[PDB]
Every structure is written in structure tokens, then in C-alpha cells.
Amino acid sequence: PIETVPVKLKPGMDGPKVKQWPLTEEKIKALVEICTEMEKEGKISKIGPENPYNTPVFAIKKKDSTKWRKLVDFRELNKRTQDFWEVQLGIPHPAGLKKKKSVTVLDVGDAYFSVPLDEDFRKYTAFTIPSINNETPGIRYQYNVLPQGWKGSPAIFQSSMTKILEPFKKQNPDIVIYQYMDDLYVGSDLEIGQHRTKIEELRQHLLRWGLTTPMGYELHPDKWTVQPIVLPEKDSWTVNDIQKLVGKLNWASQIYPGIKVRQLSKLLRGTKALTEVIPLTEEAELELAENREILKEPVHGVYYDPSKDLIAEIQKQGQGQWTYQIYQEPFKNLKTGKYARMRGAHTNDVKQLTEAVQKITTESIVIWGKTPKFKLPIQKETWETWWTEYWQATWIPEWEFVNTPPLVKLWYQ
Amino acid sequence: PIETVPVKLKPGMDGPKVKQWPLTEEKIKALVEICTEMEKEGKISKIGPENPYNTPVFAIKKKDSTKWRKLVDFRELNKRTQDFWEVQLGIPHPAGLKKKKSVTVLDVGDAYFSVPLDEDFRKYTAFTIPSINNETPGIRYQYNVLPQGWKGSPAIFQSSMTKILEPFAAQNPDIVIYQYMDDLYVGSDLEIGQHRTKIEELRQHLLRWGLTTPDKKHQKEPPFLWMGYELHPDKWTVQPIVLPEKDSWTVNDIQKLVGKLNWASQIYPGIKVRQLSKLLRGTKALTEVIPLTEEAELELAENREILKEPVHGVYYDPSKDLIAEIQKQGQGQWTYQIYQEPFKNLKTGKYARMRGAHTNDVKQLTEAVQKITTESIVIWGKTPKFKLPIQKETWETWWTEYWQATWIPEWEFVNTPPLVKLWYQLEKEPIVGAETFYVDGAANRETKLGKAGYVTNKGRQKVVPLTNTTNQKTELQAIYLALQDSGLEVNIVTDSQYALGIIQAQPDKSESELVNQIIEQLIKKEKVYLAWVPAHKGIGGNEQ
Ligand SMILES: N#Cc1cc2c(Oc3ccccc3OCCn3ccc(=O)[nH]c3=O)cccn2c1
């Protein structure tokens, strides 16, 4: 009766053809095991030379658990299915989700495995498990069921998900539930404990309806905002300090028009030593106070344009701290923030950057219902090599790499 | 009886329709002689006059003209055929192979003609042997097998061979078969007799599926010449490299030279391609005769000296550690060796930084480690332990303050010079008891004259005129002037974000001589604090 939901591609677009990155023997073995089991379950099947298309595949860890998880990178196929998952079958994004005091993220991905995939479309799910040293051409598969990571999967399953969630939504009308990819985001204003009990109730509800889900993952979007720019606070000021001040303020003159550096500039008029301590005048203090006052107000006329893509820029602040800005257009910031982590040695740069990208992406999902394209402060090949190590997410955001940044530290810090 | 692979034409297209007049007579007769024996073997089939499609046919000859050869130009059909999976992008590297007690190379003849073509697609392969022209009806044919030069032939053949290999590979899990397009490479730890038995068994297997294999026992004997390599039983190397000596050198000859040198660099340590590539920097005139510089000829001489004696690599042992060691050649060139053993290299290689006008040793070392890591992942499926000519405190100092995110795996320090060091570090805070130089420079986009200069807090002022310089050049020249005229501790102030950008990157070398001199000065100094201010805000700025 239900058969399979037919999937069409935007006319003029062929299937994705993407290279398969070389993998560790360990990860190749893990993928072989996983795919053997999946083929045994009918989820995927082997294919011949007449299937040109290919999608990248990786091996990550699921919960941080000792068992491997297969991660298919569907970004390209998503771009090519956009008409299907966005316009035609699209899922509405609630704007009240970011309001809730606590948001838990549940993994509903397994739900997609039961539902079959449209025959004619299956050839576009093709992927290759690589061989070391090109010993053999890789192992070729295609999906016989809705694949995780594809945006068409939750789109097709949307009705079923709605029907399953309906009895829970009625008993809890003040609970917001959104579905992005394989993830179900649940917000509430409840106390942390009773919130967790409610999330557990939802777990048991989904479970007795057949949906399996694998302390907890808890965001707090009510604390999320656009962070204000902070000027240095010193008892005394030297020539150098005032120079950094005037420079930073002049940079901020792009974000706000109403910045006046005049009285601070007239103080440095004579050419002096950098370490010479120069006291502030009354006009200078007036100007500093005025600028500090205008600096704490949000930027004027900054709104989110749904059609435009989000852009997240990250910069490294040292000492395990990173800063980021999410924006659609230059010098208009929809979101800014700072990410940090554990002390001692839990750590290294790539790990922190990865966890940061995941955090920013999740925030971006909760807020605008879509992911930003990152500008990453890292060598391309380095990131391409090490990113799958620390990656716990089931989706993959878009990214590129910058050799540029001038940023120093202090300006965003 | 091989299962065919279904093939479609590209959507919105139909079978190729072409007309071929050429040529002559004897070629037609030869085409008849060939097509009759081909039809006899069932590879092709004569179709009665209909309205099918058509493809051009040519007839050519190999050496010893007693042999005749048929050729079909399929380009018009290939454009209309569907895309296929990539056969293979690259070849296995000998350093990544594992030693087997015996290795046998088998090659199958008429490989494509030994595999069937999808039935419904066959009609698109139709061609015509023209009768000598009285208007006499021509001879129509079509392929029942994979045609040579057809887009789908290599991939379909590959998969066919794989599926044919499947049942034999199940009965013999302890023998290793590498598949290359026309070739099979089998290997085993089995005693020689058992090996010959297994190989003959495989030969009969393949023969039952219609695949021919060499009748002479194993055919070729080690060492094998494969894809430019030499595989000996216990060792691997490259086929002999010949560096020609000429009075005149064109761009093509330099291309070939750089090619051979690069190809040699995998096994032979020390090969330097820098200057010879500098000759090839020009994109202009691919036929242009290029005079060799002295550095290029010295480099080439050194490469000849290295290539004088032969060297060879060993194979891979999974039971042993994978080590990689890096040395700096000093011109911005780096070399490395990958080994499980002290006197034996699995392979070697080189890294060189082409992009950017400014860099430093530590960054380049990082990049090299990246390249080696990638290559190791590709070839051996793992990453090597690193032996690096850098102190841990140096590396730490670098990656802690570096704006990017860098990563190096477990590595140990090797004392072999030249070491990788930080030749200077700018002060993070201004220096008390040090003269403050306010520097500036400017130019004229038309005349390109311009000037550089400084004004200090102690009253010192200087302006030096320049010729054939740009704005950036003068902006750097100002800072250089400040460095020249100051003491061992100096505070410089510049309005140029460019110059600040170049200097704060802490380069230990550059293409520009100016930047080099600035580096020398920075090294000579004890404490240097460089600071930036907005230009034209009328604070500490120079006006010239
Ligand atoms: N013509 C040629 C040719 C031979 C091979 C090749 O040989 C092997 C085949 C199966 C197993 C191990 C092998 O080699 C392992 C290393 N080795 C290679 C040669 C030899 O005699 N002994 C030996 O242990 C592999 C890849 C490309 N090739 C190209």
C-alpha cells in the first residue's frame, strides 16, 4: 500500500560523484564488519560498474562507546535533493525552541531503517569501502532503505514521526519537539530533574511505539545571545594601552557608526614612548564612557534572511579558548560566542576545534533550523585527516579553510 | 557464460549514426578476413540490412606486416554511453606490498573479447565493412562482447574478473591475488611445488570461463618490470633512470627531466627539484629554449652524483613499527625516509613549499608531517612514528601561539643538524627603557619613486628616498630603517597592517631580499616590540 515514496532530482542535476578518502586499516575493518551486518539485514546491497555515483563514508564513535559507527557524508546528495527535502517535503522549524530553558537531543535515526527506499533512487546512495594501497577496487554498496544522514529520510518519515509523537504532544502541550536529520530536539521550561523525567517519558513512549534510541545532552538556549564587545579596564593607561584602545574602537566603528575616537586621539598627539604612562583627560573619560555605553547596545537593523546561508567564523584565542561569530552578511552578527574546555591534558587543537564546530552547528540548528558553512582556521589536509576522530555528530556541516586571519586575539576576546 | 552487465545510453540520446567511406581495397579484404574469424568465434554477429546505427572502422598494421589489425573509433558511441564506476585511480606502491615466498604474473589475452556484452545494448555497436563501390551492399556486424576502446569495457571486465575470481579465492584463502586491468598477480608462502599446482589450478579455472593464461610455466620470472618499477623477490626499486646531457634545453626536456627526478625521489634520498623547476616557472612558450642557471646545473650535478649508485627499497612487515624521519635540505626543500629498519627504507620522498612568499621552518615541518601522514595512511593504512629535528619546547612554543590549529602525532627528537629553531620572538608587551620609532613609508603608483622614514620620541628623524618601489615595499623599508638605526631593544610603530602581517608571521626566510634583511636585523636584536595603529587618524603618524 505505502510502497515507496518516489524521489526526483532537480532537472539538470546528475547523481553525486565524490572521491572516497583513504582510511586506517582499523576503520576499514570496522566498516567492513558493519556493512556485512547491514547487507545481512537487507539494509544495503552490493552494486556493479554500471553505478557511476559515489558518496563518502567514514568510521566514528557513537556515544563515545567502544563500538564503531558508520557515518555517510550526504552533503552532496543533500544539495542535489534540496527540492525534495526542502521545498516539496520540507519540515517547519519552530521559533519557540530557542526560548525554552532546557533542550535535550535524542537520536531517532534507527527509525529510518525500517522504511524502504524508492527503487530508482537507490543508485544515488552508492558508497565505497576503500582498500589499502589500492590493492583492490573498493567494496560497493547502495542503500535499500532510508539512509541516515540523508535529508530525505526524515522528510519521508515525517508523517510517521508526527503520528507517533501525537499522543505525547497532547499530554505535554508546552513541550517543543523539532526534528532535524536523525535528531529530535526537545525543549521545556521545566526544572532540570522533572525535565529529565519528561525526556525519559518520551523515551519510553517512543520505545513502546517501536522507535529505539541509544549524563544527558542538555543545551540552554535562553543563555544564548550576541555577546557584547568589552573594552580593557585599567586603573592607569599608558600610550600603548590607549593605542590598542583607539585601534579596537576604530575597528568597532564598522559595527557601530556612533563611535568617536576624537578625544582619545588628541591625547596621543605628541610622539612619546610606548611605556610612558599618560593619564586620561575629562573629555577622554567622557568619550570612553560614551563608547562603553554605545558598545553594550545590540546592533541596529540586524535580522535573519532565511534564503541566505549562515556563515560561522572561528578564531583561536589560545589557552583552550576559541571565539566564533555566526552571520549572514559582513559585520552584521546574528550570533557570537566563546567555547572552552577541560584543563590539564584532555586536549589538543583539532579536538577543541571539532567540538566547537559541533557546538556552533547545534546552536545554529536550534535557532535557525539550519547549519552554517564554517570558515576553519586550519590546514585543509590536516582537518580532512583528523576530523573524524572526535566527531560525535550524525550530520556534517559545510566548511572551507582560511590562510588569512589578521584578527590578533583581543578584538573578539 | 558470464553474467552480462546492463548498460544504458545517456538519457535523451540514441545510438551513434555515422558514415564511413574510407578506404581502398586490401584493407576491406583484410577486414573480411578478420571479421570472418571473429564471427567464427562468436565475438561478433552479422546483422541483416535494417535501420540500425553505425560506427566508423579503420584498418591498420603492426611491425612485421604479416600481422594485420582492425581498429574501431568509438568516440561517437562513448559520448552517448552512460557513465561507469572508476576502474582504479592509482596503483599499489611496492613499499606497501608484503613479502610472499613466491609471486606469479598471469596475463589474459583478448580480455575484453572474452567477456560478453549486454544484449539490448549490442545494437549500438553496429558497424559496416563497405564493399568496393559498385553500390554493392556492405557487410553489417555488431559486437556480442566488450569492444576495445569502449567506455564500459575496462570496468565491466574488472567486475567480471572479480566475480570469476570469487569461487577460487574462497577455496584458497591463504593465497593473495592482486587484480590489474589485463593482469593477475598471485602470491603465496606455499612451498614451490604447491604454488605451481595452485597456479595451474587457477589457470584451469580461468580457462573454464574462457580466459587464456601463459602456457610457459609461470611466464615471466623475477625481477618484474611493472609500471616503471623493478620488483625483485626480496627488494623493490625503480627501472633505470637516464638523465640526458645536452647543450640546448627546451621546456619539454626540462619537464621530462623533472619528471624522471621526481619519479626517482621515491627510492633515492636527496633528490632536489627546486632550481630545475624554477627554470620551468614560466608558463610561456612550451617549446622555448631555456638557458640553465648555475644553481640548476649544480643541482643536476648533485642528482647525477646521487643516481650514480643504485639503491633499492624493501617490502612491508606488519609485525614491525612504521618509522618516518625528516631532514631539512635548507633551500626550503625537505627530504624524508620511511623505514621499519635502520639500513633499509620502505620508501623515501620530498616536500617543497611552492605557495606563499613568506614562511618558516616549523610550519614547513608541520606541512611535511601532514604529507607523510597522508601518504602513510594511503599506502600502509596507518600512520608512522615520527623522528623530528626539533626540540619539544620549540614546537610547543610555536603551536601554542600559532593562529591556526596544528596537530602532530607521537614524535621524538633527533639531534641531527640543521635543527629547527625559532630564530627570534617579538615582545608581547612594550619595552621599558627602549627608544620608540614611529615608522612610515609611501609611494606613487605612477612614478614608483616613494620614500621611507621614521621619527622617534628622542627627536631622531630620518627620511630615505627610494627608486622603483611600491607602497608595501616602502612600508617594510621603514621598519628596516628603524631596525638599522636603533639599539638592541626597540619599539616600532607602524600604520601598515600589511607589514605587521608579514612580520608577526615570524618568517625565517623569504623570496624578497628586503624581508630577509629585516629578518637578519630581528635576529641580531635582543628585544623588539612591533605595534600597529590606524593610519591617517593623526596620532603618532609620519607625514611625507
Ligand atoms: N609484473 C608484475 C607485478 C607483480 C606484482 C605484485 O606482486 C604480488 C602479487 C601478489 C602478492 C604479492 C605480490 O608482491 C609482494 C612483493 N613481492 C614482489 C615480487 C616478488 O618476486 N616477491 C615479492 O614478495 C603486486 C603488485 C603489482 N605487481 C605487478
# chains A, B, ... in the order shown; residues from 1 in each chain; ligands from 1
>>> residues_near_ligand(ligand="ligand 1", cutoff="8 Å", atoms="only C-alpha atoms and all ligand atoms", output="PyMOL selection string")
(chain A and resi 135) or (chain B and resi 91-94+97-105+175-178+180+184-188+220+222-227+231-236+315)
>>> interface_residues(of="chain A", to="chain B", cutoff="6 Å", atoms="only C-alpha atoms", output="VMD selection string")
chain A and resid 22 24 to 25 49 to 52 132 to 135 247 265 268 to 269 271 to 273 275 316 349 377 to 378
>>> residues_around(residues="segment 256-259 of chain A", least_positions_apart="6", cutoff="12 Å", atoms="only C-alpha atoms", output="list in words")
residues 228, 229, 246, 247, 248, 249, 250, 287, 288, 289, 290, 291, 292, 293, 294, 295, 296, 297, 298, 299, 300, 301, 302, 331, 332 and 333 of chain A
>>> write_last_selection(atoms="N, CA and C atoms", output="CSV table (one decimal), in the first residue's frame")
chain,number,residue,atom,x,y,z
A,228,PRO,N,28.4,41.1,23.9
A,228,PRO,CA,28.9,42.5,23.7
A,228,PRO,C,30.4,42.6,23.6
A,229,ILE,N,30.9,43.7,23.0
A,229,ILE,CA,32.3,43.9,22.9
A,229,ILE,C,32.8,44.6,24.2
A,246,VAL,N,42.3,52.8,20.9
A,246,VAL,CA,41.8,53.6,19.7
A,246,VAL,C,41.7,52.7,18.5
A,247,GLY,N,42.7,51.7,18.3
A,247,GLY,CA,42.6,50.8,17.2
A,247,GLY,C,41.4,49.9,17.3
A,248,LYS,N,41.1,49.3,18.4
A,248,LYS,CA,40.0,48.4,18.6
A,248,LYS,C,38.7,49.2,18.4
A,249,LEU,N,38.6,50.4,19.0
A,249,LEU,CA,37.4,51.2,18.8
A,249,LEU,C,37.2,51.6,17.3
A,250,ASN,N,38.3,51.9,16.6
A,250,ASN,CA,38.1,52.2,15.2
A,250,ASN,C,37.7,51.0,14.4
A,287,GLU,N,34.4,60.4,26.6
A,287,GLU,CA,34.4,59.6,25.3
A,287,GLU,C,34.4,58.1,25.6
A,288,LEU,N,35.2,57.7,26.5
A,288,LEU,CA,35.3,56.3,26.9
A,288,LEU,C,34.0,55.8,27.5
A,289,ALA,N,33.4,56.6,28.3
A,289,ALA,CA,32.1,56.3,28.9
A,289,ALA,C,31.0,56.2,27.8
A,290,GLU,N,31.0,57.2,26.9
A,290,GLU,CA,30.0,57.2,25.8
A,290,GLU,C,30.2,56.0,24.9
A,291,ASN,N,31.4,55.6,24.6
A,291,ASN,CA,31.7,54.5,23.7
A,291,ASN,C,31.4,53.1,24.4
A,292,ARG,N,31.7,53.1,25.7
A,292,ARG,CA,31.3,51.9,26.5
A,292,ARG,C,29.8,51.7,26.6
A,293,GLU,N,29.1,52.8,26.7
A,293,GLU,CA,27.6,52.8,26.7
A,293,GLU,C,27.0,52.4,25.4
A,294,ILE,N,27.5,52.9,24.3
A,294,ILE,CA,27.0,52.6,22.9
A,294,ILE,C,27.5,51.1,22.5
A,295,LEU,N,28.5,50.6,23.2
A,295,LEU,CA,29.0,49.3,22.9
A,295,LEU,C,28.2,48.1,23.4
A,296,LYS,N,27.4,48.4,24.5
A,296,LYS,CA,26.6,47.4,25.1
A,296,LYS,C,25.2,47.2,24.5
A,297,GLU,N,24.8,48.1,23.6
A,297,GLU,CA,23.6,48.0,22.9
A,297,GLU,C,23.7,47.2,21.6
A,298,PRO,N,22.7,46.3,21.3
A,298,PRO,CA,22.7,45.5,20.2
A,298,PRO,C,22.8,46.3,18.9
A,299,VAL,N,23.3,45.7,17.8
A,299,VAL,CA,23.5,46.3,16.5
A,299,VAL,C,22.1,46.6,15.9
A,300,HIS,N,22.0,47.8,15.2
A,300,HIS,CA,20.7,48.2,14.7
A,300,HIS,C,20.5,47.6,13.3
A,301,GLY,N,19.3,47.1,13.1
A,301,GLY,CA,18.8,46.6,11.8
A,301,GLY,C,19.5,45.3,11.4
A,302,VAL,N,19.7,44.4,12.3
A,302,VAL,CA,20.3,43.1,12.0
A,302,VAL,C,19.3,42.0,12.2
A,331,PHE,N,29.8,42.1,9.1
A,331,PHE,CA,29.6,43.0,10.2
A,331,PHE,C,28.2,43.1,10.6
A,332,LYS,N,27.3,42.2,10.3
A,332,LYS,CA,26.0,42.0,11.0
A,332,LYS,C,26.0,40.7,11.6
A,333,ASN,N,26.0,40.6,12.9
A,333,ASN,CA,26.1,39.3,13.6
A,333,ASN,C,24.8,38.9,14.2
>>> closest_residue(among="B:153, B:237, B:517, B:148", to="residue 346 of chain B", atoms="only C-alpha atoms")
B:237
>>> residues_around(residues="segment 173-181 of chain A", least_positions_apart="4", cutoff="10 Å", atoms="only C-alpha atoms", output="PyMOL selection string")
chain A and resi 91-100+103-109+148-155+158+161-162+165+168-169+185-190+195+198-199+365-366+369-370+394-395
>>> residues_around(residues="residue 328 of chain B", least_positions_apart="4", cutoff="10 Å", atoms="only C-alpha atoms", output="short mmCIF file (atom, residue, chain, number, x, y, z; two decimals) with C-alpha atoms, in the first residue's frame")
data_model
loop_
_atom_site.label_atom_id
_atom_site.label_comp_id
_atom_site.auth_asym_id
_atom_site.auth_seq_id
_atom_site.Cartn_x
_atom_site.Cartn_y
_atom_site.Cartn_z
CA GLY B 332 63.03 25.33 1.64
CA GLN B 333 63.31 21.74 0.50
CA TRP B 334 62.74 18.82 2.85
CA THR B 335 63.50 15.12 2.46
CA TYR B 336 62.20 12.09 4.34
CA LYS B 350 60.50 15.13 -0.54
CA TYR B 351 58.35 18.11 0.37
CA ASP B 361 60.85 26.14 9.25
CA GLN B 364 57.00 23.68 6.71
CA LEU B 365 57.91 20.83 9.06
CA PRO B 389 64.92 17.55 14.23
CA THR B 416 70.86 15.55 13.50
CA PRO B 417 71.52 19.14 12.29
CA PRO B 418 70.37 21.52 10.96
CA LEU B 419 67.88 21.79 13.83
CA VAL B 420 64.52 23.53 13.57
#
>>> atom_distance(atom1="atom CA of residue 132 of chain B", atom2="atom CA of residue 32 of chain B")
12.1 Å
>>> closest_residue(among="B:10, B:25, B:47, B:3", to="residue 80 of chain B", atoms="only C-alpha atoms")
B:10
>>> closest_residue(among="B:345, B:172, B:468, B:329", to="residue 317 of chain B", atoms="only C-alpha atoms")
B:345
>>> select_by_dssp(residues="segment 203-413 of chain B", states="helix (DSSP H, G or I)", output="JSON, numbers by chain")
{"B": [203, 204, 205, 206, 207, 208, 251, 252, 253, 254, 255, 256, 257, 258, 259, 260, 261, 262, 263, 264, 274, 275, 276, 277, 278, 279, 294, 295, 296, 297, 298, 299, 300, 301, 302, 303, 304, 305, 306, 307, 308, 361, 362, 363, 364, 365, 366, 367, 368, 369, 370, 371, 372, 373, 374, 375, 376, 377, 378, 379, 380, 392, 393, 394, 395, 396, 397, 398, 399, 400, 401]}
>>> closest_residue(among="A:15, A:41, A:54, A:387", to="residue 72 of chain A", atoms="only C-alpha atoms")
A:54
>>> atom_distance(atom1="atom CA of residue 386 of chain A", atom2="atom CA of residue 355 of chain A")
12.5 Å
>>> residues_around(residues="segment 261-276 of chain B", least_positions_apart="5", cutoff="6 Å", atoms="only C-alpha atoms", output="ChimeraX atom specification")
/B:296,303,347-349
>>> write_last_selection(atoms="N, CA, C and O atoms", output="PDB file, in the first residue's frame")
ATOM      1  N   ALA B 296      70.955  25.522 -11.014  1.00  0.00           N
ATOM      2  CA  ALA B 296      70.259  24.418 -11.663  1.00  0.00           C
ATOM      3  C   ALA B 296      71.235  23.335 -12.105  1.00  0.00           C
ATOM      4  O   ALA B 296      70.962  22.142 -11.963  1.00  0.00           O
ATOM      5  N   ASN B 303      72.291  15.562  -8.347  1.00  0.00           N
ATOM      6  CA  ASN B 303      71.354  14.487  -8.653  1.00  0.00           C
ATOM      7  C   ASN B 303      72.009  13.350  -9.435  1.00  0.00           C
ATOM      8  O   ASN B 303      71.718  12.179  -9.195  1.00  0.00           O
ATOM      9  N   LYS B 347      60.384   3.357   1.587  1.00  0.00           N
ATOM     10  CA  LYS B 347      60.500   4.357   0.532  1.00  0.00           C
ATOM     11  C   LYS B 347      61.054   5.668   1.090  1.00  0.00           C
ATOM     12  O   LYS B 347      61.311   5.785   2.290  1.00  0.00           O
ATOM     13  N   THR B 348      61.244   6.645   0.211  1.00  0.00           N
ATOM     14  CA  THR B 348      61.675   7.981   0.614  1.00  0.00           C
ATOM     15  C   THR B 348      60.844   9.016  -0.134  1.00  0.00           C
ATOM     16  O   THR B 348      59.959   8.664  -0.915  1.00  0.00           O
ATOM     17  N   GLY B 349      61.124  10.293   0.098  1.00  0.00           N
ATOM     18  CA  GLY B 349      60.396  11.340  -0.592  1.00  0.00           C
ATOM     19  C   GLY B 349      60.840  12.741  -0.232  1.00  0.00           C
ATOM     20  O   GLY B 349      61.779  12.928   0.538  1.00  0.00           O
TER      21      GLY B 349
END
>>> atom_distance(atom1="atom CA of residue 447 of chain B", atom2="atom CA of residue 466 of chain B")
11.1 Å
>>> residues_around(residues="residue 267 of chain A", least_positions_apart="2", cutoff="8 Å", atoms="only C-alpha atoms", output="ChimeraX atom specification")
/A:263-265,269-270,280-281,284
>>> closest_residue(among="B:490, B:211, B:146, B:292", to="residue 249 of chain B", atoms="only C-alpha atoms")
B:292
